[PDB]
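Just one chain follows, in the form deposited in one PDB entry, and it is written as structure tokens.
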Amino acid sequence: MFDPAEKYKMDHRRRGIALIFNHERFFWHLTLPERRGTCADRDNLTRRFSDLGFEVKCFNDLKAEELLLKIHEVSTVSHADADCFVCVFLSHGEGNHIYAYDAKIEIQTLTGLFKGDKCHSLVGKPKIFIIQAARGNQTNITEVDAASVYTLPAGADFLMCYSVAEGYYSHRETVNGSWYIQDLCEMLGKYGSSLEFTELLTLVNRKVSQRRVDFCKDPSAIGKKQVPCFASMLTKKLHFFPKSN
């Protein structure tokens, strides 16, 4: 009795964990610029995910070893009584890699820890990764980075969400934060608790795509449009309806 309107079962005791890895500064010998504004992104994401019932765990400027430890820890704890898992990266990236403070890490080995094989308690539950990462460039200025992180899929019941697609540019206001994360957080506030999550991400695609880039204080930043995307491997409608205490 196959159902075209099947929703992920979101009636477990807890919503689940939202990891946020937040990277502002980098080891000198990496020659990567400060990401002034990333704290606004971390704080905005933390508030909006908290209001949808996530236990939000933030980590600032972890070295590779510490990041792998924290994310492995979370992968081997039980999610049996959880709706889903969210993991956010705010850093620089290149290709299949995100930057820790120290060094780059393959995204596939981070997403791999939550695959059915390796994390039984999350099988058939949504695993959502959100990635604001681009190429390290060099009061409220708008900085623009070229897209650099591949828009990779991840496995059954993963949703990979990307600030920017190949050939487009990602924008970060040094006080207000990343265009992508501002618009994501605005949509989570207005609609997080009602709209299907891919419907919401589609709103975010519209909001960010519509941001005008013809009249810029920096001339070289003109016509550098931003288009985000998501790569869905979801098998059901995903909603974050308020949980009944």
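Numbering starts at 1 and follows the sequence shown.
Not pictured, yet referred to below: the form solved in complex with a partner chain.
Asker: Given that the partner is absent here, does residue 146 sit within 4.5 Å of the partner chain in the deposited complex, heavy atoms only?
Answerer: It does not: once the partner chain is placed as it appears in the deposited complex, residue 146 has no heavy atom within 4.5 Å of it.
Asker: When the contact criterion is heavy atoms within 4.5 Å, does residue 64 count as touching the partner chain in the deposited complex?
Answerer: Flag for residue 64 set to yes.
Asker: Taking heavy atoms only, is residue 103 within 4.5 angstroms of the partner chain in the deposited complex?
Answerer: Yes, residue 103 is a contact residue.
Asker: Report whether the minimum heavy atom distance between residue 113 and the partner chain in the deposited complex is within 4.5 Å.
Answerer: Residue 113: yes, in contact with the partner chain in the deposited complex.
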